[PDB]
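Report on the structure
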Amino acid sequence: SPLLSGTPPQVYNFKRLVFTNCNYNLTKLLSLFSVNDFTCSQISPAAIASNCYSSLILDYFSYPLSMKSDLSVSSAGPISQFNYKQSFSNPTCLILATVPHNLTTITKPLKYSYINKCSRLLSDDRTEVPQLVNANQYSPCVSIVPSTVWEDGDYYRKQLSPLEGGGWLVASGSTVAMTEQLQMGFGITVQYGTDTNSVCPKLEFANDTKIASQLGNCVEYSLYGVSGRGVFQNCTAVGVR
Amino acid sequence: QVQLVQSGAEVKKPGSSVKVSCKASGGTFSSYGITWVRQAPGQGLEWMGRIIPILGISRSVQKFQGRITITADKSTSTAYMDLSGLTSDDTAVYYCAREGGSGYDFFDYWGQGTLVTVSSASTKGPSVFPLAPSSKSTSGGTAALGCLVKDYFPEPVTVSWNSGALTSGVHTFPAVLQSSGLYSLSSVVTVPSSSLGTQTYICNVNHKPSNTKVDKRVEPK
Amino acid sequence: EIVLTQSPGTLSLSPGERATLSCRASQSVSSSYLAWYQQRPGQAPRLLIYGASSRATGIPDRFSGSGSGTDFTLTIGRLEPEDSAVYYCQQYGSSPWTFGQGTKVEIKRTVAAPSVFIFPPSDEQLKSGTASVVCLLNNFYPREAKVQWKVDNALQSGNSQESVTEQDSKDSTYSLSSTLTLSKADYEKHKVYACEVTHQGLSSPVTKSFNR
């Protein structure tokens, strides 16, 4: 619901959704948005659909399908270099989806925008050092850049307070034509605890595990750490629920 | 604060690539964008393009797109614009202006400027007409002597008394366009001294295409 | 790109009188996104006001910036000969940014009688090119003036070319030079060359004399 609410942010301003201990359905998210592009790194997409991890991180932003190749850790493209970075060590599943016309409560941004370059000038005006985005972190030059970039070619500069470092921070704003249908890119990073897997896919009771299906049959019961051989019979409720 | 200077005025044929260069004195470039402005004579200034050397980004106005290539090197500290296949009507003075940024599109400082001329004719070296000081003048109050500059096809020849040492009492007149392509402009100085003036050297003439400096001394006739 | 209306331009303004320049915009533009540029004759434009309110560094507060959204007025509390110049309002709210059509402020300290000097063609001009003739109107205020050449004390057609020097920043002195061009070979019948000036300055047409 938070992903659906309001409008998707730009790739540099990507919002972060964190799920630690809840049942999750990949199919429900796929139903909400038709997935134009599906890819995963370090694990199968089917495995990601049905597995338990210590934590689930979802990053949601409005990204066009045309520049999807540029936004890759392997890719040397500027958009990945200066905007959004996904940690290589955790398995990362990257999904690009296009909003359906039927879906409502989704607001299209005026245009898709990205930080073309992020750099910091040194104390010497002649010497400049480029700044490369660390994994996530919402981008180093995001503060200078506005949430939506007004022009395809833009110059943003701000002055660092002296000590430290007293060096100008320079950012570039670039935009691409808005698609007739909003396209949103989602980056998912999953962390697995060796002894802890709190977030799990939605669980539906199997017929054999359910007491009602095996009623009237001698069976072995293992409920809440209690193990015994017994026959369950449906009857009027007695005792305290 | 960085001072802005521009290349000397040049004349090129129409359809021939012309490069205008803007440089910063002391070979130092600050983190500021360089903006190129073309002003037609007696017309409003037009912003041809905006480039930032430190960023390395290049932007151009829609009218000047695909005919102009703008290159700014931060390490060089010099920004140069190349214009190719420009029309004869395109001739105008060209200026380079410091840019605060997209947030602040105002120019604190402006370059001296380069005149760009695009006529497929001939370039004529300036001819210095005699000083011919007026026969009747105040004996000590003022003396009127001017070395006229005429027969120069390409604007603008710069002519200064005492090689520019004297900036007082010297009048510079804009060239008047006659039916003939060649045009003439007037330089005259008023000196209390009847002859010689403040210094023996006077009437220095410099023409940007000619690159020749000539000094002549007035004789009271 | 926003089309912008501008002040009519040349105006006669006395020193010490407030001067207002109008910069109406056909399309609404940001109040904090307008700039004022002043250029002296033969001088590059220098920013006076940034954001349509704050004065630029090194710029006198007398050129105050006022108005917002559509109409932007530049008001000068005190007028000086140095102040007289061409003023352009540039709206950078919309790209491409559009410079103003420009307006001209004129300051005349006092009416000045013209000083007329006739430069007789020298022997060197007779030797080469065209001898020609030169007339000068130094210290003539206002700058506009009428000079007609006289050849051999006879009426001459006004094919003479006249140019006016840029006003001095403090002196505000205007000089008009009128030159008549004649072939060097054709210099026989004429014995006297004179320029007659009709102007507010001086009692009557101040004609002149060559002989020599």
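In the PDB header, cryo-EM is given as the technique by which the entry was determined, and 2.49 Å as its resolution.

Chain C is annotated in the PDB entry as antibody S41 light chain of Homo sapiens.

Per the PDB entry, chain B carries the name antibody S41 heavy chain and comes from Homo sapiens.

Observations regarding the overall build of chain B
What chain B contains, in helices and strands, is 0 helices and 19 strands. The principal-axis extent of the C-alpha atoms belonging to chain B is close to 65 × 40 × 30 Å. Within chain B, counting contacts between residues at least 6 apart in sequence, those at least 24 apart form 56% of the total.

Things to note about the overall build of chain C
Along the backbone of chain C there are 1 helix and 16 strands. The C-alpha radius of gyration of chain C comes to 23 Å, more than 25% above the 17 Å expected for a compact globule of 212 residues. Based on the C-alpha atoms only, the size of chain C along its principal axes is roughly 70 × 35 × 30 Å. For chain C, the proportion of contacts with a sequence separation of at least 24, taken over those separated by at least 6, is 59%.

Quick notes on the state of the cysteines
Residue and element names in this part refer to chain A. Applying the stated rule across the entire model yields 7 disulfides over all chains. Linked covalently through their sulfurs, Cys40 and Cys93 form a disulfide whose S-S length is 2.0 Å. The sign of the -115 degrees torsion about the S-S bond sets the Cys40-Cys93 disulfide as left-handed. Taken together, the positions of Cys40 in strand 3 (residues 34-41) and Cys93 in strand 5 (residues 92-98) put the pair 53 residues apart, joining distant regions of the chain.

What to know about the sheet that holds strand 15 (residues 170-172) of chain B
Residue and element names in this part refer to chain B. Taken together, the 3 strands give an open sheet; going across it, the order is 12-17-15, and neighbouring strands pair in antiparallel fashion. The outermost strands of the open sheet, each flanked by one partner alone, are strand 12 (143-145) and strand 15. When the angles between neighbouring strand axes are averaged without regard to direction, this sheet yields 20 degrees. In this structure, strand 15 lies alongside strand 17 (residues 187-191), joined through 3 bridges in antiparallel fashion. The partner of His171 across the bridge, within strand 17, is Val188.

Considering the interface of chain B and chain A
The interface of chain B with chain A comprises 18 residues on the first partner and 17 residues on the second. Each residue belonging to the side of chain B that touches chain A can be placed in one class, and the counts come to 6 nonpolar, 8 polar and 4 charged.

Thoughts on the nonpolar core
Generally speaking, nonpolar side chains in soluble globular proteins are found buried as a group. Of all hydrophobic cores here, the largest spans 66 residues; its most connected members are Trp36, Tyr94 and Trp110 of chain B together with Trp36 and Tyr87 of chain C. Considering every element that reaches this core, the biggest residue donor is strand 9 (residues 92-99) of chain B, with 5 residues. Counting residues in each nonpolar core, the second largest holds 23 residues, with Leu182, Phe186, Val190 and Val199 of chain A among its members.

Examining the side chain of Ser62 of chain A
Residues and elements named next belong to chain A. Along the chain, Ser62 turns up in the loop between strand 4 (55-61) and helix 3 (78-82). Residue classification places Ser62 among the buried residues on the basis of a relative accessible area of 1%. Setting aside residues up to four positions removed in sequence, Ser62 forms contacts with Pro8, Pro9, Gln10, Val11, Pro109, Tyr112, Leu182, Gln183, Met184 and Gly185.

What about the domain arrangement of chain B?
Residues and elements named next belong to chain B. Partitioning chain B into domains gives domain 1 (4-117) and domain 2 (127-215). Placing the centre of domain 1 and that of domain 2 at their C-alpha centroids yields a distance of 32 Å. In this complex, domain 1 contributes 4 residues to the contact, which on the side of domain 2 involves 5 residues. With both sides pooled, the region where domain 1 packs onto domain 2 buries about 350 Å², and carbon together with sulfur makes up 79% of that total.

Description of the interface of chain B and chain C
Each partner contributes residues to the interface: chain B has 46 residues there, and chain C has 38 residues. When contributions to the side of chain B that touches chain C are tallied by element, the ones reaching two or more residues are strand 4 (33-39), strand 5 (45-51), strand 9, strand 12, strand 15 and strand 17 of chain B. For the side of chain B that touches chain C, the class distribution of residues is 21 nonpolar, 17 polar and 8 charged.

What to know about the pattern of salt bridges
Applying the stated criterion across every chain, the model contains 13 salt bridges over all chains. Between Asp215 of chain B and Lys213 of chain B there is a salt bridge, with the nearest N and O atoms lying 2.9 Å from each other. On the basis of relative accessible area, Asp215 of chain B is assigned to the partly exposed category, the value being 32%. Taking the relative accessible area as the measure of exposure, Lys213 of chain B reaches 51% and is therefore exposed. Ionic pairing is found between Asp71 of chain C and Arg24 of chain C, a salt bridge with its closest N-O pair at 3.2 Å. Residue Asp71 of chain C is found in strand 7 (residues 71-76), and its partner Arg24 of chain C is found in strand 2 (residues 19-24); the two are separated by 47 residues along the sequence. Looking at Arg24 of chain C, the relative accessible area reads 45%, which means it is partly exposed. Among the ionic contacts, a cluster of salt bridges with common partners joins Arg38, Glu46, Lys63, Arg67 and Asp90 of chain B.

With respect to the environment of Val145 of chain A
Residues and elements named next belong to chain A. Its place among the elements puts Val145 in the loop between strand 7 (128-130) and strand 8 (154-159). The spacing of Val145 and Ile43 is 102 residues in sequence and 35 Å in space, taken between C-alpha atoms. Every residue in contact with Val145, bar those within four places of it in the chain, is listed here: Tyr12, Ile115, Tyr156 and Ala171.

Rules of the game
- Residues numbered from 1 in each chain as written, not as in the entry; some residues may be left out.
- Chains lettered and ligands numbered in written order.
- Part of a larger assembly, values for the part shown.
- Heavy atoms only, no water.
- Residues with missing side-chain atoms left out of burial classes, pairs and counts.
- Helix = DSSP H or I, 4+ residues; strand = E, 2+ residues; numbered from the N terminus.
- Contact = heavy atoms within 4.5 Å.
- Rg over C-alpha atoms; globule rule 2.2 N^0.38 Å.
- Disulfide = S-S within 2.5 Å.
- Pairing = 2+ DSSP bridges.
- Axes fitted to C-alpha atoms, helices over the stretch in contact; angles between N-to-C directions.
- Nonpolar A, V, L, I, M, F, W, Y, C, P; charged D, E, K, R; others polar.
- Core = buried A, V, L, I, M, F, W, Y, C linked by side-chain atoms within 4.5 Å.
- Buried < 20%, exposed > 50% of the residue type's maximum accessible area, 1.4 Å probe, protein only.
- Domains from an automatic or database assignment.
- Buried area = accessible area lost by both parts, 1.4 Å probe.
- Salt bridge = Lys/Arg side-chain N within 4 Å of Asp/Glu carboxyl O.

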